[PDB]
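A.B. asks: Please read through the structure below; I'll follow up with questions.
2 protein chains.
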Amino acid sequence: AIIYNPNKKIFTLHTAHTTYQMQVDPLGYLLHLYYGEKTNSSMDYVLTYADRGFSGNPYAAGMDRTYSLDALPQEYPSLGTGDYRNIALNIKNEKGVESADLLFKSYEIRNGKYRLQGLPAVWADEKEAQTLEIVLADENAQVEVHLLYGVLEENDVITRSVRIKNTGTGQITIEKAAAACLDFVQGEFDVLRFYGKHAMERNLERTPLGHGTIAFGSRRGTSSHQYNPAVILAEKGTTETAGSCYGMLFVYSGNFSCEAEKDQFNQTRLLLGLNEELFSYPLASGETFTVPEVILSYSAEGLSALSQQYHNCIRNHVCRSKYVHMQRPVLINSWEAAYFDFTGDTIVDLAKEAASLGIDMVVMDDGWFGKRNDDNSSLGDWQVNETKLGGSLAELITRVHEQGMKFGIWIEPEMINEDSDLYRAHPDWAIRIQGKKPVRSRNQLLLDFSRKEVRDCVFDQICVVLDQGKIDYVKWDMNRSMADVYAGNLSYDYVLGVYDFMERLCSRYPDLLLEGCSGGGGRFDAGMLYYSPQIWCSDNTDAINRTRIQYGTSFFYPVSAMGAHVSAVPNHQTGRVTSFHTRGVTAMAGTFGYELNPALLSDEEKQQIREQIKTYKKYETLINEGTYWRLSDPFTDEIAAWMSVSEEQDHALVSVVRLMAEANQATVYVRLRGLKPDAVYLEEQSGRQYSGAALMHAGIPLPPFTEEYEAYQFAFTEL
Amino acid sequence: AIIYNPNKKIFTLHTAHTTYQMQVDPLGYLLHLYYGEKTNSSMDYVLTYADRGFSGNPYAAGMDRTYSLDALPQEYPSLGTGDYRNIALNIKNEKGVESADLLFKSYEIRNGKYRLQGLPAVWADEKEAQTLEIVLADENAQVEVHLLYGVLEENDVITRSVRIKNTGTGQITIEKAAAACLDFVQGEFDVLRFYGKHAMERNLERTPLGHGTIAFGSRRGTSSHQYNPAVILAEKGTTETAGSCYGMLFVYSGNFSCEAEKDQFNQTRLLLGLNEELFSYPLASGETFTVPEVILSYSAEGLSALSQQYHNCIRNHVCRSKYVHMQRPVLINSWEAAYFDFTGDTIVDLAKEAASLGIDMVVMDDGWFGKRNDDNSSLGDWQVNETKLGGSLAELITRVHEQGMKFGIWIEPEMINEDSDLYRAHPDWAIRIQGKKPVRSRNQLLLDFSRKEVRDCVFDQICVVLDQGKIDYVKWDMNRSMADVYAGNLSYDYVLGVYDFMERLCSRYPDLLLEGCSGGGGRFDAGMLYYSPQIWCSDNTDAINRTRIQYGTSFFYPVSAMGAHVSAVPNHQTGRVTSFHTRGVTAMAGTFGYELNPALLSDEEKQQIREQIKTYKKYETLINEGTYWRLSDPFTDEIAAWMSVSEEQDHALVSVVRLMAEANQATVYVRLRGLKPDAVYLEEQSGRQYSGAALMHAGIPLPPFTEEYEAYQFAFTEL
Ligand SMILES: OC[C@H]1O[C@H](O)[C@H](O)[C@@H](O)[C@H]1O
Ligand SMILES: OC[C@H]1O[C@H](O)[C@H](O)[C@@H](O)[C@H]1O
Ligand code: NA
Ligand code: NA
Ligand code: NA
Ligand code: NA
Ligand code: NA
Ligand code: NA
Ligand code: NA
Ligand code: NA
Ligand code: NA
Ligand code: NA
Ligand code: NA
Ligand code: NA
Ligand code: NA
Ligand code: NA
Ligand code: NA
Ligand code: NA
Ligand code: NA
Ligand code: NA
Ligand code: NA
Ligand code: NA
Ligand code: NA
Ligand code: NA
Ligand code: NA
Ligand code: NA
Ligand code: NA
Ligand code: NA
Ligand code: NA
Ligand code: NA
Ligand code: NA
Ligand code: NA
Ligand code: NA
Ligand code: NA
Ligand code: NA
Ligand code: NA
Ligand code: NA
Ligand code: NA
Ligand code: NA
Ligand code: NA
Ligand code: NA
Ligand code: NA
Ligand code: NA
Ligand code: NA
Ligand code: NA
Ligand code: NA
Ligand code: NA
Ligand code: NA
Ligand code: NA
Ligand code: NA
Ligand code: NA
Ligand code: NA
Ligand code: NA
Ligand code: NA
Ligand code: NA
Ligand code: NA
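Keeping their order, the protein sequence lines are chains A and A'. A prime marks a further copy of an entry chain. Residue numbering for the first sequence follows PDB author numbering, starting at 2 and increasing by one per position. Residue numbering for the second sequence follows PDB author numbering, starting at 2 and increasing by one per position.
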């Protein structure tokens, strides 16, 4: 629900269990009053006013020294109001002045959920959602700012976006534009962020917010491996199952900044949106710019509920693929199996092997195009290497279909190698600075996807390939960060180009299962999930490390989105050995699939594949649609444990991987969550029965281990 | 409810929201299965068995090395089973052997709540409570042990006691006897205990339980100022409003020991009961010994709920006084007002002063008897000093009644000074060791209250005094710890003597308001609360320190039990100055009352007394009967804040004392608890209205302070 009280100038947003409230003050500033547990109260009483030294006053406050935007909580604070905190908006006007001082002009409440020009965004119908659009303006900056709030009641989600219009005659530049700001007048908080590196993404870092700013971001042209565009502000003491916590998730696959600051008056400001760095976005007279969306949510009941709200929102209101609600073929991918050393016959052999085991699809990964026999050539030359494939792609696809298997293929359309026909013809299509030799990364360069002619060339090549036969699946990868950034519009316009190509591709090929990739999880974000219902979670396929990566990814993203494959050992990234069974349990917390040559496996491991596939298919709906619960913290605990529970709470699958081993082992219990306390549950394999209450308070004892890194799955059914 | 499953040999105790379960194993040992959230399951599945090095086996386990009482969880573990952990029971038999190895014999389930011979205990009716009595025995020790479990469903309380019988022909000695043991097979915990000193009792200490034991106790002959006989075992992460926590409270005013231990297998054992030190209790053939009671409770919802369960249990099932459910006269006490320097005329002047202000009662404190003109003589000489009083006690009482005032008096019956007629007549009545000069403390000695003839002498003297007139109130004090302990029965038998005298006194004078005292809160325990509905909480009457003492005392004990008086400044214990208003707010979190000479006060402060009394009387029922909530931690926070809420949640009184002051003050909010989220509440003085949800999530901003240590009261009424 969205309500306006014209007398108090208060806007109230209600979801099923939360309330967000704002107010236009007597000077026209849009103040933030409240976000938290549902309330019908007017929360304007929380605002207080004192003469605070060096916190100065709008001219319009006259002699009232107690009124300062350096103290007051705001929906969209800006540089140019006298506020000295981190701010959401900076405009440099047609005369060179960095100032924006925004006052209320108008509003509208609409049924349904706004969409964003050229960008992914949460979607819903007119019954499920309402939109509030508030217009603010600065007559001196000659800017008009449209704040968009989307309210999805059942999901306990509030979205925010911004449109900025130049209302003057001269060009302005947008120098900083956040999507969302939460201003807290009170509270002690921790900041949870998800950091990492290539092949080890999304480690949880949780620290108290001390005085000053905790900040993180990306200027890589991508959402990045290093810091995901996501933040949780947890009240001190909040756990998985209790206490207040607030999320912000950026629906965007490019650059971002997140800032959390505890100020001089013990107030907290949280910002998420575009990066200020390499962002100086020109806006001509009468033109509008759109800031990408942030999804906000609140839980009074701990982190697990917060995550569940995000999982539901992403599956049902971000991902557009039919595969959200359909079985997804179990695939085998050629990359760790063969790298570049394959032929068409190799690929068909992989199909034959995989068909005998119950695998549904073979994905031919990198190495099929140009003269791509290593990673030093041929990006941009999306012509099939028929010498290597021993014939045409059409014929290969048919040979694979004759084995009863679907076919998938890898592409990397944003990129170019110097050693390519495309680069010899069009070296100026690479992103570069004139006269400067560019950074190389994996011995490749980015194509300038801000340019239509560049995108069209590559799009046409990709269409020729995909039109050769029935291709069920595409893995779209992106293997380096952006450098040599030549202008202040490029980071943003590049990503608009990517999304345009991706929308064109999905529209032309609407039955395709698109898996996003960027050296693993380098663009693991809700912007990508709007197009691809799964993303390759990491190039690290070590089961033990995957427990941490998958744990971290689960704070915002649903299991169904996490690409996860059983790979060979010793693992190719870590050198560690794990049992086949543990690799299976871990990879079932995601898309499942295989990425190895099964011909090298023992008969016993081949039979394990058969049984794994039967297990995954049996529990696929539960894993993908069920309510997810983290049952341990793999950074600190003896085990990595998680579970999925059906909507009706009548079925659950519990997964456990042991992380530590010593002699004379203590008994380890796994405590379950999300069950009905008074219901009785049957554990399948053992045939023992337990109450929900028992399973949640005492849990179940794990069988004693006899080897390292053992794993378990337990299935419970309500009697 | 109490259930026995004869086939599984499981006993289940259910309260409204909790379940406690135990089992007799195939060897006859009484194992502890579970205590926590309510469940109908059989929790025997949590038991596990492994061959654990150096954890040995009952002979009766045969060749099964996996069965060890050094590992298994037990209701009442003992020295002599092969268990090497801290234990509950040690018996030294008629041959000198320290061993007890207890096996199940029989049980009974009875309606109602057991009572204890010569001791205070929780009481209830046959509809409110059930009792389980389990009999165990060791044929070699020739001991029979009766475990008593009391179940008070609505209160979520389980009580435990023990009776130990010598079934052999020779004398045995009881060397250790706990009342309660909780064995956890799993969990990470913190231990909360309440430590202090004279004039600064019951500071909260909360630490993680590391490997080894956290222990505390008293061998002072008293429950003590230094460590209260109370413990909370909180699961890691538990707060005031969420998470599992377990309490044990000893209903006993003598010596005790508490031990919490995390063992070699990461299990936790919690024990509470009698101290092993100075305890070697002889039991002749056929005789029975009774261990004092422990009150256990569990909360799944944090520490505040746990405390509320104790408050309810103590007010409605421990305190026997009519004054639990009646107005208690507002008193003025002569001690800080006059110390020993008073006459009968002084006392009447104090009555006249106090009557003009709305005070109901004058208490003549120490100094009225013998030649007690300082604290160096006359304990034991309970004859009225008619020279000092200018006439008889009867006449004084009448003169006070003529001023419209009730009369109270102080006694200290357990004690004797060398300079007394009693000591010159009966020096052997003091506790002492023959041939050894005794410890002196406040220049006095303890009387041997284990001896009937000693108790009878003093009891008769006290009766003569109390029979002189209408005495509405007695303060029974006790001003030193026990030393020179001459035998292993003395600590326990002394306390039996105290309780016998106290029961005799309360039975003879059933309309008396008895306030317990021991240099303040030196015996602030539920054993005393069975007799006295209030106890002088501390000799520290500094308002700021009282915020900490009262906070700590509230973890187990109700506000109504805490003696608290407005005293003069500079404070006599700390030298600190506080405003009269802050002293009033702080002292209203308890019995209220005054302890100063009002003749020295300004007219403005006298008017404050008038208004304070009106305020206290207006809110007396709410403060004494309402649900109590700690709203801050005075060890860490800016404020000491608390509130009381009516049963129907339609009325609340919120109290705040500021603890810290700086310039350019930040706005401090007090967040309320225990209200109905959707109800609308009117704040009285301001006339503003708020939802419960608003008051609990955002709270209310405190008015800015202009002086140090300011205090506030806010009253809320449901509209
Ligand atoms: O070069 C191919 C290789 O590229 C990236 O590393 C991907 O994340 C891998 O899965 C694989 O597709
Ligand atoms: O000597 C009298 C004195 O004794 C103890 O200190 C009490 O706690 C005081 O309140 C007072 O009664
Ligand atoms: Na302000
Ligand atoms: Na300013
Ligand atoms: Na200024
Ligand atoms: Na500030
Ligand atoms: Na603010
Ligand atoms: Na604003
Ligand atoms: Na601002
Ligand atoms: Na910028
Ligand atoms: Na805000
Ligand atoms: Na990776
Ligand atoms: Na990351
Ligand atoms: Na900081
Ligand atoms: Na960066
Ligand atoms: Na980054
Ligand atoms: Na990331
Ligand atoms: Na600061
Ligand atoms: Na804050
Ligand atoms: Na930001
Ligand atoms: Na990158
Ligand atoms: Na963009
Ligand atoms: Na991606
Ligand atoms: Na990615
Ligand atoms: Na990412
Ligand atoms: Na995202
Ligand atoms: Na699994
Ligand atoms: Na995996
Ligand atoms: Na987990
Ligand atoms: Na055991
Ligand atoms: Na043993
Ligand atoms: Na042994
Ligand atoms: Na042990
Ligand atoms: Na145990
Ligand atoms: Na036992
Ligand atoms: Na034992
Ligand atoms: Na002993
Ligand atoms: Na126990
Ligand atoms: Na004291
Ligand atoms: Na204490
Ligand atoms: Na310890
Ligand atoms: Na002691
Ligand atoms: Na002590
Ligand atoms: Na104490
Ligand atoms: Na240990
Ligand atoms: Na434990
Ligand atoms: Na003990
Ligand atoms: Na003592
Ligand atoms: Na006793
Ligand atoms: Na007492
Ligand atoms: Na006491
Ligand atoms: Na005590
Ligand atoms: Na007690
Ligand atoms: Na008060
Ligand atoms: Na007080
Ligand atoms: Na408090």
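Quick reminder that beta carbons are idealized off the backbone N, C-alpha and C, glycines included.
Of all the options A:674, A:607 and A:583, which has the alpha carbon lying nearest to the alpha carbon of residue 660 of chain A?
C.D. replies: Within the first sequence, numbered from 1, the residue matching residue 660 of chain A stands at position 659. Checked all of A:674, A:607 and A:583; the closest Cα to residue 660 of chain A is A:583.
A.B. asks: If you measure beta-carbon to beta-carbon, which residues of the stretch 362–383 of chain A are closer than 7 Å to chain A'?
C.D. replies: Result list empty, no residue passes.
A.B. asks: Around the Cβ of residue 720 of chain A, are there at least 16 other Cβ atoms within 10 angstroms (buried) or fewer (exposed)?
C.D. replies: For this step, residue 720 of chain A is matched to residue 719 along the first sequence. Exposed.
A.B. asks: Just list the residues that DSSP pairs residue 476 of chain A with in beta bridges.
C.D. replies: The sequence position of residue 476 of chain A within the first sequence is 475, counting from 1. According to DSSP, which records beta bridges pairwise, residue 476 of chain A is partnered with A:411 and A:516.
A.B. asks: Identify the contact partners of residue 46 of chain A in chain A', using a Cβ-Cβ distance below 9 Å as the criterion.
C.D. replies: On the first sequence, position 45 is the one that residue 46 of chain A refers to. In chain order: 689, 691, 695, 699, 701 and 702.
A.B. asks: From the DSSP output, read off the bridge partner residues of residue 6 of chain A.
C.D. replies: Numbered from its first residue, the first sequence carries residue 6 of chain A at position 5. Its beta-bridge partners are A:11.
A.B. asks: Residue 679 of chain A to residue 45 of chain A, Cα distance in whole Å?
C.D. replies: Numbered from 1 along the first sequence, position 678 holds the residue referred to as residue 679 of chain A. Numbered from 1 along the first sequence, position 44 holds the residue referred to as residue 45 of chain A. The alpha-carbon atoms of residue 679 of chain A and residue 45 of chain A are separated by roughly 43 Å.
A.B. asks: Answer yes if the stretch 225–245 of chain A comes into contact with the stretch 184–200 of chain A, meaning at least three C-beta pairs across the two stretches below 8 Å, and no otherwise.
C.D. replies: yes
A.B. asks: Since residue 670 of chain A meets chain A', which of its residues come closer than 8 Å, beta carbon to beta carbon?
C.D. replies: Locating residue 670 of chain A in the first sequence gives position 669, counting from the first residue. Near residue 670 of chain A (Cβ distances below 8 Å), the residues of chain A' are 47, 186 and 187.
A.B. asks: Any residues in the stretch 226–243 of chain A' with a beta carbon nearer than 7 Å to a beta carbon of chain A? Which ones, in chain order?
C.D. replies: 238, 240 and 243
A.B. asks: Regarding residue 552 of chain A' and ligand 49, is the C-beta to nearest heavy atom distance less than 7 Å?
C.D. replies: Within the second sequence, the letter at position 551 stands for residue 552 of chain A'. No - ligand 49 has no heavy atom lying nearer than 7 Å to the Cβ of residue 552 of chain A'.
A.B. asks: Any heavy atom of ligand 56 inside 7 Å of the beta-carbon of residue 633 of chain A'?
C.D. replies: In the second sequence, counting from the first residue as 1, residue 633 of chain A' sits at position 632. The answer is yes for residue 633 of chain A'.
A.B. asks: Return the residue from the list A:139, A:484 and A:464 that minimises the CA-CA distance to residue 475 of chain A.
C.D. replies: Numbered from its first residue, the first sequence carries residue 475 of chain A at position 474. Nearest C-alpha to residue 475 of chain A: A:464.
A.B. asks: Where residue 19 of chain A' and residue 495 of chain A' are concerned, what is the direct C-alpha to C-alpha distance, given to the nearest angstrom?
C.D. replies: Locating residue 19 of chain A' in the second sequence gives position 18, where the first residue counts as 1. Locating residue 495 of chain A' in the second sequence gives position 494, where the first residue counts as 1. So the two alpha carbons sit approximately 37 Å from each other.
A.B. asks: Rank A':619, A':671, A':658 and A':633 by C-alpha distance to the C-alpha of residue 721 of chain A' and give the top, closest one.
C.D. replies: Here chain A' covers residues 2 to 720 and nothing more, so residue 721 of chain A' does not appear.
A.B. asks: So which of A:304, A:198, A:217 and A:221 has the shortest CA-CA distance to residue 237 of chain A?
C.D. replies: Along the first sequence, read from residue 1 onward, the residue named residue 237 of chain A stands at position 236. Here the closest residue by C-alpha is A:304.
A.B. asks: Within 8 Å, do at least three Cβ pairs link the stretch 620–636 of chain A to the stretch 533–542 of chain A?
C.D. replies: no
A.B. asks: Would you give the residue range spanned by the beta strand (DSSP E) that residue 167 of chain A belongs to?
C.D. replies: As a working mapping, residue 167 of chain A is identified with position 166 in the first sequence. Note, residue 167 of chain A: beta strand (DSSP E), 158–167.
A.B. asks: Taking the alpha-carbon of residue 448 of chain A as reference, which of A:432, A:127 and A:114 has the nearest alpha-carbon?
C.D. replies: Indexing the first sequence from 1 puts residue 448 of chain A at position 447. Among A:432, A:127 and A:114, the Cα nearest to that of residue 448 of chain A belongs to A:432.
A.B. asks: Check this for me: beta carbons of residue 137 of chain A' and residue 123 of chain A', under 8 Å apart or not?
C.D. replies: In the second sequence, counting from the first residue as 1, residue 137 of chain A' sits at position 136. In the second sequence, counting from the first residue as 1, residue 123 of chain A' sits at position 122. Taking 8 Å as the Cβ cut-off, residue 137 of chain A' and residue 123 of chain A' do not qualify as a contacting pair.
A.B. asks: My guess is that residue 214 of chain A' and residue 262 of chain A' are in contact by the Cβ rule of under 8 Å, so how many angstroms apart are they, rounded?
C.D. replies: Sequence index remark: in the second sequence, residue 214 of chain A' carries index 213 (1-based). Sequence index remark: in the second sequence, residue 262 of chain A' carries index 261 (1-based). Indeed, because the Cβ distance is near 4 Å, the residues count as touching under 8 Å.
A.B. asks: Taking CB distances under 8 Å as the criterion, tell me whether residue 598 of chain A reaches chain A'.
C.D. replies: Here residue 598 of chain A is taken as the residue at index 597 of the first sequence, counted from 1. So no, residue 598 of chain A is outside the interface.
A.B. asks: So, at 7 Å on beta carbons, what are the nonlocal neighbours of residue 633 of chain A in its own chain, with the 5 sequence-adjacent residues on each side left out?
C.D. replies: On the first sequence, position 632 is the one that residue 633 of chain A refers to. Only 640, 641 and 642 meet the Cβ criterion.
A.B. asks: Check whether the Cβ of residue 277 of chain A sits closer than 7 Å to any heavy atom of ligand 10, and report yes or no.
C.D. replies: In the first sequence, the residue the question calls residue 277 of chain A occupies position 276. The answer is yes for residue 277 of chain A.
A.B. asks: Could you name the residues of chain A that residue 653 of chain A' contacts, counting a contact when the two beta carbons are closer than 8 Å?
C.D. replies: For this step, residue 653 of chain A' is matched to residue 652 along the second sequence. Identification of chain A residues near residue 653 of chain A' by a Cβ-Cβ cut-off of 8 Å yields none; the smallest Cβ-Cβ distance measures about 16 Å.
A.B. asks: Using only alpha-carbon positions, find the residue among A:547, A:164 and A:27 that is nearest to residue 90 of chain A.
C.D. replies: Locating residue 90 of chain A in the first sequence gives position 89, where the first residue counts as 1. Nearest of A:547, A:164 and A:27 to residue 90 of chain A, Cα basis: A:164.
A.B. asks: Tell whether a beta-carbon distance below 8 Å holds between residue 200 of chain A' and residue 540 of chain A'.
C.D. replies: Your numbering for residue 200 of chain A' matches position 199 in the second sequence. Your numbering for residue 540 of chain A' matches position 539 in the second sequence. Their beta carbons are under 8 Å apart, which means residue 200 of chain A' touches residue 540 of chain A' by this criterion.
A.B. asks: For the alpha helix (DSSP H) containing residue 578 of chain A, list its first residue and its last residue.
C.D. replies: On the first sequence, position 577 is the one that residue 578 of chain A refers to. That residue, residue 578 of chain A, is in no alpha helix (DSSP H); it is neither H nor E in DSSP.
A.B. asks: Applying the 10 Å Cβ sphere with the 16-neighbour rule, what's the burial state of residue 183 of chain A'?
C.D. replies: One-based indexing of the second sequence puts residue 183 of chain A' at position 182. That one is buried.
A.B. asks: Closer than 7 Å: is that where the CB of residue 83 of chain A' sits relative to any heavy atom of ligand 32?
C.D. replies: Along the second sequence, read from residue 1 onward, the residue named residue 83 of chain A' stands at position 82. Yes, since a heavy atom of ligand 32 falls inside the 7 Å radius drawn around the Cβ of residue 83 of chain A'.
A.B. asks: Just to make sure I have the definition right: I need the residues of chain A whose C-beta is within less than 8 Å of the C-beta of residue 61 of chain A'. Which are they?
C.D. replies: As a first step, residue 61 of chain A' is located in the second sequence; it is residue number 60 there, counting from the start. Within 8 Å Cβ-Cβ: nothing; residue 61 of chain A' doesn't reach chain A, min ~23 Å.
A.B. asks: Apart from the five residues just before and just after residue 172 of chain A, which ones in its own chain have a Cβ nearer than 8 Å to its Cβ?
C.D. replies: By 1-based counting over the first sequence, the position of residue 172 of chain A is 171. Contacts found: 95, 283, 284, 285 and 286.
A.B. asks: Count the other CB atoms, across all protein chains shown, that sit within 10 Å of the CB of residue 60 of chain A'; report buried if there are 16 or more and exposed otherwise.
C.D. replies: For the purposes of this step, residue 60 of chain A' is identified with residue 59 of the second sequence, where counting begins at 1. It is exposed - the Cβ of residue 60 of chain A' has fewer than 16 other Cβ atoms within 10 Å.
A.B. asks: At the level of alpha carbons, what is the spacing between residue 498 of chain A and residue 522 of chain A?
C.D. replies: Within the first sequence, the letter at position 497 stands for residue 498 of chain A. Within the first sequence, the letter at position 521 stands for residue 522 of chain A. Residue 498 of chain A and residue 522 of chain A: Cα-Cα distance of roughly 20 Å.
A.B. asks: Would a check of beta-carbon distances place residue 35 of chain A' closer than 8 Å to chain A?
C.D. replies: Along the second sequence, one-based indexing puts residue 35 of chain A' at 34. It does: the Cβ of residue 35 of chain A' has a partner Cβ on chain A nearer than 8 Å.
A.B. asks: Is residue 203 of chain A' near ligand 44 - that is, is its Cβ less than 7 Å away from at least one heavy atom of it?
C.D. replies: By 1-based counting over the second sequence, the position of residue 203 of chain A' is 202. True, at least one ligand heavy atom lies under 7 Å from that Cβ.
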